[PDB]
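Here the protein sequences come in this chain order: X and H. If you count the first sequence from 1, position 43 lands on 51 in this note's numbering, and the numbers rise without skipping. If you count the second sequence from 1, position 49 lands on 56 in this note's numbering, and the numbers rise without skipping. Encoded as structure tokens, the structure appears first; notes follow it.
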Amino acid sequence: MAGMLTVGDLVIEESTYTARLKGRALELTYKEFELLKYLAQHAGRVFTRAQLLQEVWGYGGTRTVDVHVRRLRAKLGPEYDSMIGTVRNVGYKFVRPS
Amino acid sequence: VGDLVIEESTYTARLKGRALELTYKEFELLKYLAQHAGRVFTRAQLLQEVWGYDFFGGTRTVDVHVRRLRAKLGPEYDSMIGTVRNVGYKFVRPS
DNA sequence: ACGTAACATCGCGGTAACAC
DNA sequence: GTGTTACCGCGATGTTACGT
């Protein structure tokens, strides 16, 4: 274990650069990974688009986060759709399972 | 050593008895990838660990060497080196 | 033995556009 | 406002030829 993370059945191993949902590997884009990992690296806390952009993207079209969130939730599936929660007029946040 | 035996002193590598004729840069890349199997490495990492030079804007010789590496493994074992888009390459263990 | 030269392929991902 | 899905430029890899 070098930089590996675990929330629920989601595991994000930055070492091998894989994300996996109880055996089923998630084939994500680069930013879907740098986004899903950041949100899970700070579970429970809601971030805003400007925050998420300045960190995951780096130092307009802010809706690219919404697109990346949708693509993430669609790849997660219904069983894990909930893992990325929306806060109206604020932003998004990883939510912890039971 | 999932069918692949790499020889340290002789600077060689074989896959089930069929000696892979590698150049030495391709041998170094495969060894370092197989020595840290499963881990992905960026091109900056590979360039300063496996090569001496810090080309710092150019190269593409890591990409070229992986292709030469992949060809000598053939369409059976070419999956042993995986591609991580926007990041780098990694050794892959069957199965 | 290597590392550009040079192009073909194909995926990344950001904007558009609309429903709600 | 956010969910959502096209659309498609651009750029990251593949790939081989060739100069040294």
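Positions of the beta carbon are idealized from the N, C-alpha and C atoms, including for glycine.
Could you pull out every residue in the same chain whose Cβ sits closer than 7 angstroms to the Cβ of residue i, ignoring the five residues on either side in sequence?
{"i": "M91 of chain X", "result": "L18, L84, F102, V103"}
Near residue i, which residues of its chain fall below 6 angstroms by C-beta distance, leaving aside the five closest residues on each side in sequence?
{"i": "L44 of chain X", "result": "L80"}
{"i": "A10 of chain X", "result": "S23"}
Hey, how far is the Cα of residue i from the Cα of residue j?
{"i": "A82 of chain X", "j": "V95 of chain X", "result": "18 angstroms"}
{"i": "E28 of chain H", "j": "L47 of chain X", "result": "46 angstroms"}
{"i": "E87 of chain X", "j": "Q49 of chain X", "result": "21 angstroms"}
{"i": "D61 of chain H", "j": "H76 of chain X", "result": "34 angstroms"}
{"i": "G24 of chain H", "j": "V57 of chain H", "result": "26 angstroms"}
{"i": "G9 of chain H", "j": "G66 of chain X", "result": "40 angstroms"}
{"i": "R67 of chain H", "j": "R74 of chain H", "result": "11 angstroms"}
{"i": "residue 110 of chain H", "j": "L22 of chain H", "result": "Here chain H has residues from 8 to 102 only, and residue 110 of chain H is not among them."}
{"i": "residue 128 of chain X", "j": "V73 of chain X", "result": "Examination of residue 128 of chain X is not possible in this model, given that chain X is present from 9 through 106 alone."}
{"i": "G89 of chain H", "j": "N97 of chain X", "result": "41 angstroms"}
{"i": "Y18 of chain H", "j": "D89 of chain X", "result": "50 angstroms"}
{"i": "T30 of chain H", "j": "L53 of chain H", "result": "16 angstroms"}
{"i": "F63 of chain H", "j": "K32 of chain H", "result": "18 angstroms"}
{"i": "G65 of chain H", "j": "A20 of chain H", "result": "29 angstroms"}
Leaving aside the five residues before and after residue i along the sequence, list all residues of the same chain whose C-beta is less than 8 angstroms from its C-beta, in chain order.
{"i": "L13 of chain X", "result": "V19, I20, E21, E22, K45, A48, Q49"}
{"i": "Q55 of chain H", "result": "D61"}
When we look at the beta-carbon of residue i and count the other beta-carbons within 10 Å, is it buried (16 or more) or exposed?
{"i": "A33 of chain X", "result": "exposed"}
{"i": "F34 of chain H", "result": "buried"}
Inset, instruction - Evaluate contact between the region 49–64 of chain X and the region 84–102 of chain X, counting only Cβ atoms and requiring at least three cross-stretch pairs below 8 angstroms. - result: Yes: at least three Cβ pairs fall under 8 angstroms.
Legend entry - Contained beta strand (DSSP E) runs [length at least 3] in the region 19–89 of chain H, N- to C-terminal order: Taken in chain order, the whole beta strand (DSSP E) runs of length 3 or more contained in the region 19–89 of chain H are 19–22, 25–27, 47–49.
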